[PDB]
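One structure is given below, encoded as structure tokens.
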Amino acid sequence: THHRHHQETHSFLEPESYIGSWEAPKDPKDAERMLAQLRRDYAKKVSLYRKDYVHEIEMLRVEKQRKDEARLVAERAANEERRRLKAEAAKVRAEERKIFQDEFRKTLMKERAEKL
Amino acid sequence: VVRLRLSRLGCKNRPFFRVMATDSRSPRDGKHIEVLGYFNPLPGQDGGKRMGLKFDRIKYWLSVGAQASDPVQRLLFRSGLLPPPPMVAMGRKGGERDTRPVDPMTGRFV
Amino acid sequence: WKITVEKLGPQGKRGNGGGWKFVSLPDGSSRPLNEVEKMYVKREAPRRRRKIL
RNA sequence: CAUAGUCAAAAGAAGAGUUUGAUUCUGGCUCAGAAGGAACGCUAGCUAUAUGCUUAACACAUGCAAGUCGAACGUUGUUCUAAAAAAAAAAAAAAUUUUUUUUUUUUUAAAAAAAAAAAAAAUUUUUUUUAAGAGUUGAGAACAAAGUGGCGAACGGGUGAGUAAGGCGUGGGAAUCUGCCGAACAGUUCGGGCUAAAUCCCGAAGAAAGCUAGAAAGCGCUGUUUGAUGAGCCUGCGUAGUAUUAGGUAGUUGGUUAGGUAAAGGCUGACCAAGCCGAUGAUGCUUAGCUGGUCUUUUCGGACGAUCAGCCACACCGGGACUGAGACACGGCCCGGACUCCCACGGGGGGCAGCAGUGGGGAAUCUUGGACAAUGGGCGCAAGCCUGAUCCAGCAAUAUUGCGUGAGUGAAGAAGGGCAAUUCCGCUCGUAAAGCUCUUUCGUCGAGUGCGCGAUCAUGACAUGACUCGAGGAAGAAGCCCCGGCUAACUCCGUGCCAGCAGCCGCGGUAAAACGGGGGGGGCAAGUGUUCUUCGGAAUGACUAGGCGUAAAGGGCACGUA
Ligand SMILES: [K+]
Ligand SMILES: [K+]
Ligand SMILES: [K+]
Ligand SMILES: [K+]
Ligand SMILES: [K+]
Ligand SMILES: [K+]
Ligand SMILES: [Mg+2]
Ligand SMILES: [Mg+2]
Ligand SMILES: [Mg+2]
Ligand SMILES: [Mg+2]
Ligand SMILES: [Mg+2]
Ligand SMILES: [Mg+2]
Ligand SMILES: [Mg+2]
Ligand SMILES: [Mg+2]
Ligand SMILES: [Mg+2]
Ligand SMILES: [Mg+2]
Ligand SMILES: [Mg+2]
Ligand SMILES: [Mg+2]
Ligand SMILES: [Mg+2]
Ligand SMILES: [Mg+2]
Ligand SMILES: [Mg+2]
Ligand SMILES: [Mg+2]
Ligand SMILES: [Mg+2]
Ligand SMILES: [Mg+2]
Ligand SMILES: [Mg+2]
Ligand SMILES: [Mg+2]
Ligand SMILES: [Mg+2]
Ligand SMILES: [Mg+2]
Ligand SMILES: [Mg+2]
Ligand SMILES: [Mg+2]
Ligand SMILES: [Mg+2]
Ligand SMILES: [Mg+2]
Ligand SMILES: [Mg+2]
Ligand SMILES: [Mg+2]
Ligand SMILES: [Mg+2]
Ligand SMILES: [Mg+2]
Ligand SMILES: [Mg+2]
Ligand SMILES: [Mg+2]
Ligand SMILES: [Mg+2]
Ligand SMILES: [Mg+2]
Ligand SMILES: [Mg+2]
């Protein structure tokens with residue numbers, strides 16, 4: 001996301017000594033066995049890399065889960081306060097409404113009696 | 001099997017590659033799960049080649065068992081996401097290379 | 001060949017302009033960018049303006 | 001500090017001619033623009049990248065387009081030979097031997113080292129024949145030679161016939177399965193059968209299957225939990241024309257109960273009810289694959305759905321299932337049909353809408369090419385082997401804001417052509433040409449390096465290319481339409497309502513700027529015209545953005561359903 005995180009926390013690596021490490025044997029059969037062992041070692045290293053990546057993704061998922069839960073509980077707390085404030089305002093407005101409606105009803109009752 | 005492989009882009013005699021996460025049965029330039037990056041097989045003005053990868057998505061696909069193809073194994077070793085392929089231990093073929101210098105701007109012998 | 005490996009996605013960004021880059025030499029080692037390579041990085045970024053002149 | 005910072009996401013809005021004696025209005029016709037999978041005429045230098053049977057889903061000669069694995073398994077038959085390690089270079093015709101250390105067995109408790117014929121020596125040696133269903137014959141090479149078995153031939157590739165909603169676009173769901181691939185756990189035991197065997201088939205437990213001390217803790221298989229990827233099933237919304245088609249349905253709509261399916265379900269047997277769909281257009285008829293998108297356009301719309309990619313459907317025409325993780329399967333099987341090729345006449349065989357290619361139809365659409373070097377895919381532990389996927393060459397101005405066909409100078413203003421009271425070198429072709437100087441892009445010719453590059457551990461079809469250097473000589477490279485108005489560009493001769501021209505208005509009946517030729521000129525330019533087709537102009541179906549007194553157009557007038 002930023003230059004500093006990448007520039008500090010990148011594993012820059014040394015030269016790899018595996019490159020050019022083959023020594024030619026005197027028997028083609030032994031050479032084939034040596035190449036087969038090299039393929040098996042490559043499979044083992046790939047499996048270790050897969051396990052490392054599984055653990056990295058799991059830790060990132062756990063962190064995202066706890067962050068989302070924290071935001072959710074903060075949001076719920078804010079909504080629980082907003083709801084109670086609006087309920088109090090609605091209650092005082094409904095209490096103000098009744099006197100006006102009673103007076104208006106009395107006015108209309110007087111008008112109907114006059115017309116009758 | 002999910003495969004990290006190379007799709008051909010570019011034009012005729014100007015190859016360019018994209019690094020893809022695909023089902024193996026898919027056509028080479030057809031259906032895919034994800035574009036993971038790119039690779040330029042032609043050398044540029046800086047004297048080297050270019051490559052971009054989505055490192056976290058490549059880690060995701062390798063963690064769930066995707067299998068890289070033969071050039072993608074080399075490209076992922078070169079970026080540090082995979083171990084070196086078994087054949088890089090053999091070393092390079094030698095021989096007398098023509099080391100006579102050519103001018104960078106004009107291509108003629110200095 | 002040396003390569004120049006860019007990190008793509010939102011988690012590989014060096015900032016507004018692209019992703020972070022390293023070199024990865026043919027011997028198996030990787031290194032940060034040179035000054036010439038830094039100029040190459042700077043000249044290929046997209047510019048957030050119309051073409052003046 | 002900094003590989004920081006910068007906040008861009010459009011442009012696109014034109015009018016003209018033609019109804020009248022003239023006018024304004026209404027209203028059509030036509031024109032200037034952009035474009036195409038185009039076709040045809042005339043004319044053509046080059047490179048590159050795209051595109052190239054739109055018609056007959058017409059019929060197809062020929063070659064190729066799917067195999068691979070001996071590390072699953074026997075089988076027969078080919079060859080050749082009768083213990084391991086190390087050294088042999090120097091004095092008095094030469095491949096195979098001598099020396100040193102380990103090791104199996106035999107012979108007389110330490111040492112020594114199959115039968116028959118012919119010959120030699122005192123039991124051994126030399127040569128030859130048969131050895132080897134044989135008191136374990138010791139190594140080796142191919143076995144492809146033919147098979148059984150696994151995996152893949154459900155991918156990739158082609159076409160758009162059908163399909164108007166069982167499809168597609170978009171968003172969801174529950175009642176399912178999922179080979180190979182990643183990650184845990186448990187097992188991998190014993191009999192029989194296919195002439196011989198098995199990782200083939202059957203049986204028992206609990207499901208199975210073994211190979212490799214050549215691949216011995218490496219593969220493989222089975223069961224159970226999972227991730228990942230696919231697949232099946234369902235569904236909301238959106239998605240033609242036609243009412244000069246008004247009713248349609250009878251497993252139809254629902255219920256119950258059995259069956260079937262991996263899985264919900266009238267999916268279907270039986271029984272029961274009479275429902276369900278329809279004027280918010282069912283059903284009938286016609287047309288059509290859908291989408292991303294392509295062309296056009298001041299936004300909207302219209303036309304199209306060809307290349308490419310996603311989804312679907314189909315594979316000579318109909319009908320089926322089998323095997324399989326997956327098919328009701330383009331290059332698999334069975335059946336029926338039409339057509340066709342062999343037949344020894346009993347009977348067999350085939351399916352280019354894979355890549356090339358051929359007939360045919362058509363105005364019209366390409367090579368019977370090269371390589372698996374790259375990328376992708378199948379099989380294999382690999383080595384590899386396949387791959388008309390692809391990559392790359394070939395043909396075609398079919399397309400593309402590309403490049404070139406020279407740059408200067410030159411007055412005998414040459415010759416020649418055209419016009420001319422026949423004005424100013426009489427005017428013009430015309431500085432035009434020729435000549436002279438310079439530069440050689442593109443193309444041509446001759447060479448040279450190649451881990452230049454595509455590809456790297458290695459492997460290069462392209463490549464007779466490219467690159468670099470050299471030779472040469474303006475040399476090899478300009479047309480097509482038009483010139484009465486719309487519309488930029490005018491004279492002479494011929495013709496005489498003829499021959500002809502024409503997008504529209506109109507020209508031609510003896511001085512035609514309109515027909516045809518000469519001369520000159522204008523626009524585009526390796527193109528340029530003509531035809532077809534789409535949008536624009538067209539506010540000419542008007543949402544944006546029009547109307548209905550007298551021009552097309554208020555229903556004769558109400559009442560009322562949606
Ligand atoms: K789709
Ligand atoms: K059919
Ligand atoms: K290949
Ligand atoms: K033409
Ligand atoms: K010339
Ligand atoms: K009413
Ligand atoms: Mg009139
Ligand atoms: Mg076609
Ligand atoms: Mg087989
Ligand atoms: Mg098949
Ligand atoms: Mg198929
Ligand atoms: Mg195609
Ligand atoms: Mg199509
Ligand atoms: Mg209808
Ligand atoms: Mg059709
Ligand atoms: Mg459509
Ligand atoms: Mg046919
Ligand atoms: Mg199969
Ligand atoms: Mg089955
Ligand atoms: Mg076929
Ligand atoms: Mg063909
Ligand atoms: Mg014809
Ligand atoms: Mg491959
Ligand atoms: Mg494999
Ligand atoms: Mg081919
Ligand atoms: Mg051009
Ligand atoms: Mg040249
Ligand atoms: Mg040459
Ligand atoms: Mg090379
Ligand atoms: Mg060529
Ligand atoms: Mg004019
Ligand atoms: Mg005349
Ligand atoms: Mg004219
Ligand atoms: Mg004329
Ligand atoms: Mg309109
Ligand atoms: Mg308009
Ligand atoms: Mg309106
Ligand atoms: Mg009007
Ligand atoms: Mg009105
Ligand atoms: Mg009236
Ligand atoms: Mg009337």
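Numbers restart at 1 for each chain; the letters A, B, ... are given by sequence-line order, proteins then strands.
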Would you tabulate the pairs of protein nitrogen or oxygen atoms and nucleotide nitrogen or oxygen atoms of nucleotides 397-402 of chain D closer than 3.5 angstrom?
none

For nucleotides 212-220 of chain D, give me every protein contact, N/O to N/O, under 3.5 Å, one pair per line with atom names.
residue : atom : partner  : partner atom : Å
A215(D) : OP1  : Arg33(A) : NE           : 3.3

Please tabulate, one pair per line, each protein N/O and nucleotide N/O from nucleotides 4-6 of chain D that are separated by under 3.5 Å, including the distance.
residue : atom : partner  : partner atom : Å
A4(D)   : OP1  : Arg14(C) : NE           : 3.1
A4(D)   : OP2  : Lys42(C) : NZ           : 2.7
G5(D)   : OP1  : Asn16(C) : N            : 3.1
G5(D)   : OP2  : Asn16(C) : O            : 3.1
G5(D)   : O6   : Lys42(C) : NZ           : 3.0
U6(D)   : OP2  : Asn16(C) : ND2          : 3.4

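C267(D) and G259(D) are base-paired: they meet the Watson-Crick or G-U wobble geometry, with both hydrogen-bonding distances under 3.5 Å. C504(D) and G485(D) make a Watson-Crick or G-U wobble pair, with both donor-acceptor distances under 3.5 Å. If you check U23(D) against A217(D), you find neither a Watson-Crick nor a G-U wobble pair with both contacts below 3.5 Å.
In this structure, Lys12(B) reaches the sugar-phosphate backbone alone: every heavy-atom distance under 4.0 Å involves primed, P, OP1 or OP2 atoms, never a base. Across all strands, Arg50(C) comes closer than 4.0 Å only to sugar-phosphate atoms, never to a base (heavy-atom distances). In this structure, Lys13(C) reaches neither bases nor backbone, as no heavy-atom distance under 4.0 Å exists between it and the strands shown. Heavy atoms of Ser69(B) sit under 4.0 angstrom from primed sugar atoms or phosphate atoms, though from no base atom. At a threshold of 4.0 angstrom between heavy atoms, the contacts of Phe17(B) are confined to the sugar-phosphate backbone, with no base atom among them. Using a 4.0 Å heavy-atom cutoff across all strands shown, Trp1(C) reaches sugar-phosphate atoms only and no base atom. Contacts of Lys31(B) with the nucleic acid, taken as non-hydrogen atoms under 4.0 Å apart, involve only primed sugar atoms and P, OP1 or OP2. In this structure, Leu33(C) reaches the bases: a heavy-atom distance under 4.0 Å links it to at least one base atom across the strands shown. Using a 4.0 Å heavy-atom distance criterion, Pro71(B) is classed as a sugar-phosphate-only contact.
Partners of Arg50(C) by salt bridge (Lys or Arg N to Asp or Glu O under 4.0 Å), not counting sequence neighbours: none found. Considering only residues two or more places apart in sequence or on other chains, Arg100(B) meets the side chain to side chain donor-acceptor pair (under 3.5 Å) condition with none of them. Residues passing the side-chain contact (heavy atoms from CB on, under 4.5 Å) test with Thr1(A), sequence neighbours excluded: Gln11(C). In this structure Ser17(A) satisfies the side chain to side chain donor-acceptor pair (under 3.5 Å) test with no other residue, sequence neighbours excluded. With sequence neighbours excluded, no residue satisfies salt bridge (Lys or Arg N to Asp or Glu O under 4.0 Å) with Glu23(A). Scanning for salt bridge (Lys or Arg N to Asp or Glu O under 4.0 Å) contacts around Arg33(A) gives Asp30(A), with sequence neighbours left out. Applying the side chain to side chain donor-acceptor pair (under 3.5 Å) criterion to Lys2(C), with sequence neighbours excluded, gives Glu37(C).
For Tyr42(A) (side chain) and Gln37(A) (main-chain N/O), no donor-acceptor pair under 3.5 Å exists by modelled atom type. Looking at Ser24(C), its side chain does come within 3.5 Å of a backbone N or O of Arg78(B) through a donor-acceptor pair. A donor-acceptor pair under 3.5 Å is absent between the side-chain atoms of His55(A) and the main chain of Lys51(A), judged by distance alone.
Inspection of the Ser69(B) and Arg3(B) side chains reveals no N or O donor paired with an N or O acceptor under 3.5 Å.
Of the candidate nucleotides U3(D), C469(D), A228(D), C469(D) has the atom lying nearest to any side-chain atom of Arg108(B). Of the candidate nucleotides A455(D), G310(D), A228(D), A228(D) has the atom nearest to the side chain of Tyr60(B). Counting only heavy atoms from C-beta on, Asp23(B) has its side chain closest to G230(D) among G230(D), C457(D), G376(D). Here the nucleotide nearest the side chain of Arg97(B), chosen from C451(D), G376(D), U229(D), is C451(D). Picking from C453(D), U229(D), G376(D) the nucleotide with the shortest atom distance to the side chain of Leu6(B) gives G376(D). For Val88(B), the side-chain atoms get nearest to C457(D) when compared with the rest of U459(D), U449(D), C457(D). Taking the side chain of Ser47(A) as heavy atoms from C-beta on, and the options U229(D), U3(D), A183(D), the nearest nucleotide is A183(D).
One finds no salt bridge joining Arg76(A) and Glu80(A) here, because no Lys/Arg side-chain nitrogen approaches an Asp/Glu carboxylate oxygen to under 4.0 Å. Under the 4.0 Å criterion applied to side-chain N and carboxylate O atoms, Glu111(A) and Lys115(A) are not assigned as salt-bridge partners. At a threshold of 4.0 Å, the pair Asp102(A)-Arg105(A) counts as salt-bridged, since one of the basic side-chain nitrogens sits closer than that to a carboxylate oxygen.
Distances shorter than 4.0 Å separate none of the side-chain N or O atoms of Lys51(C) from OP1 or OP2 on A10(D). Taking only side-chain nitrogens and oxygens, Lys38(C) comes nearer than 4.0 Å to OP1 or OP2 of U3(D). OP1 and OP2 of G454(D) both lie 4.0 Å or more from every side-chain N or O belonging to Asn13(B). Phosphate contact (OP1/OP2 of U375(D), side-chain N/O of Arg18(B), threshold under 4.0 Å): absent.
Both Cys11(B) and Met90(B) lie near RNA chain D, and the one whose nearest nucleotide falls closer to the 5' end is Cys11(B).
When the pucker is read from the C1'-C2'-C3'-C4' torsion, the sugar belonging to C490(D) turns out south, on the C2'-endo side. Sugar pucker of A371(D) is north, as judged by a positive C1'-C2'-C3'-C4' dihedral. Sugar pucker at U409(D): north, on the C3'-endo side, as the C1'-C2'-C3'-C4' dihedral is above zero. In terms of the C1'-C2'-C3'-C4' torsion, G251(D) has a south-puckered sugar. The angle is below zero. When the pucker is read from the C1'-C2'-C3'-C4' torsion, the sugar belonging to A414(D) turns out north, on the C3'-endo side.
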Just distance, no hydrogens or angles: give the donor-acceptor pairs under 3.5 Å from side chains in residues 39-53 of chain B, sequence neighbours left out.
residue  : atom : partner  : partner atom : Å
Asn40(B) : OD1  : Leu42(B) : N            : 3.2
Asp46(B) : OD1  : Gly48(B) : N            : 3.3
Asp46(B) : OD2  : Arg50(B) : NE           : 3.2
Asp46(B) : OD2  : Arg50(B) : NH2          : 3.3
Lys49(B) : NZ   : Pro41(B) : O            : 3.2
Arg50(B) : NH1  : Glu44(C) : OE1          : 3.0
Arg50(B) : NH2  : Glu44(C) : OE2          : 3.4

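For the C1' atom pair drawn from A353(D) and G289(D), the interatomic distance equals 15 Å after rounding to whole Å. Of the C1' atoms belonging to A240(D) and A288(D), the separation is 8 Å, rounded to the nearest Å.
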Any chance you could lay out the salt bridge (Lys or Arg N to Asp or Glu O under 4.0 Å) test for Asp23(B) and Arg25(B), step after step, and finish with the verdict? CA-CA 6 Å; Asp23(B) 187 288; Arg25(B) 286 157 317 195; 2.9 Å; yes

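Under the Watson-Crick or G-U wobble criterion, with both distances below 3.5 Å, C524(D) is paired with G479(D).
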Determine, for nucleotides 378-390 of chain D in 5'-to-3' order, which nucleotides have protein heavy atoms under 4.0 Å from the base (write B), from only the sugar-phosphate (write S), or from neither (write -). ----S-------S

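Under the 30°/60° scheme for interplanar angles, the aromatic rings of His10(A) and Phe22(C) are found to be tilted.
Under 3.5 Å, the side chain of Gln7(A) and the base of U3(D) form at least one donor-acceptor pair of N or O atoms.
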